[PDB]
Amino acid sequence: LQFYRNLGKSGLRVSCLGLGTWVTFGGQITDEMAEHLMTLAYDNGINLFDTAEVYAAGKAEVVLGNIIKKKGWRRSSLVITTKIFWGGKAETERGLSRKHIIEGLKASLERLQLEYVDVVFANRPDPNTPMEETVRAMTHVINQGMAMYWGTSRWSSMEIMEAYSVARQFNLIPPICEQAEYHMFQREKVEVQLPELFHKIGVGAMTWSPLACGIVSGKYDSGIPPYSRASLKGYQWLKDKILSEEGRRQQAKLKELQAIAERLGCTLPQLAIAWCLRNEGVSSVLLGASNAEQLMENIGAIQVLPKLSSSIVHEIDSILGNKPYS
């Protein structure tokens, strides 16, 4: 209902849908397609764009930066986010040490041709670096104007609270967001754990892989389609998940969901994405698209939202059978 909303309790306002660059930018699609996709998103109100140092070994960032500079959009109208963790083959080019957070972000900003990102995220937890060090480093790059805010990704609730605790302990800057996977087949963390952190310490939830890499689109019903993400090289892991016993049971449930979609007059992907935004607990949902057809269909999910009645939602939980216990 409210297209723009605050990211958690922070003052940063984001669109309920965002556009990510994993797999596609600088990889699967062409710079021409990338520009077209970002332009459509922007003109449709999306101000949130996500990327990471590791995507396409830095190329995703280069392409995003080129489009922004080519289009000439006002920096103040964009909310750019990037993640740090995997930035090279050397021993010191990975992790959340002060050294890599600073070198990693600086390098990303250079590739992005930007002075700063709005949110820098730790792409995952670092068992090899003291929390204090990581929090002092995120606070440092923010104070140096390389980032406006920082967040976490793939961190446990306990780890997030610890980051927050250390920040208050040394008067540094707490994280404002956790980027977590969320879709019809991965629900526990976003539905049961994150809400508690929102109300308690104001951390918002920015979710990813709304279609579970495309699985929830229903295109793998009869098998792996040519040119699909599961068909791309380097993604045998995704192909194995889809064809596995678990993968087939998921497809079977999607066939039932497809019936609910047709009943509502929308497509399965739009249902899946609207479903992700049904609860206020989610600040924004990061979309993924390799075609402009996909993107516009996905954005059409916003219209489906008002149809998700309490009966429809309960109906979807009945077929999924995975409603988490709080």
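When you see a residue number, it is the position in the sequence shown, counting from 1.
Take the C-alpha B-factors listed in the entry for 18-26 and for 309-317, compute each mean, and give the stretch with the larger one. Between 18-26 and 309-317, it is 309-317.
Is the mean CA B factor in the deposited entry higher across 281-289 or across 254-262? Taking the mean C-alpha B-factor of 281-289 and of 254-262, the larger value falls to 254-262.
Determine which member of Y149, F85, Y182, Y227 has the highest CA B-factor, using the values in the deposited entry. The listed residue with the largest C-alpha B-factor is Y227.
Going by the deposited entry, which of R248, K99, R168, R75 has the highest CA temperature factor? Answer for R248, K99, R168, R75: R248, with the highest C-alpha B-factor.
Quick check for you: using the entry's CA B-factors within this chain, is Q186 in the lowest, middle or highest third? Middle third.
Taking the values exactly as deposited, rank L194 by C-alpha B-factor within its chain and report the matching third: lowest, middle or highest. Ranked within chain, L194 CA B lands in the middle tercile.
How does the C-alpha B factor of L295 compare with the rest of the chain: lowest, middle or highest third? As the PDB entry reports it, the C-alpha B-factor of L295 lands in the highest third of its chain.
Using the temperature factors of the C-alpha atoms in this entry, rank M38 within its chain: lowest, middle or highest third. It falls in the top third of the chain.
Based on the deposited C-alpha B factors for this chain, I'd like to know if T81 is in the lowest, middle or highest third. As the PDB entry reports it, the C-alpha B-factor of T81 lands in the middle third of its chain.
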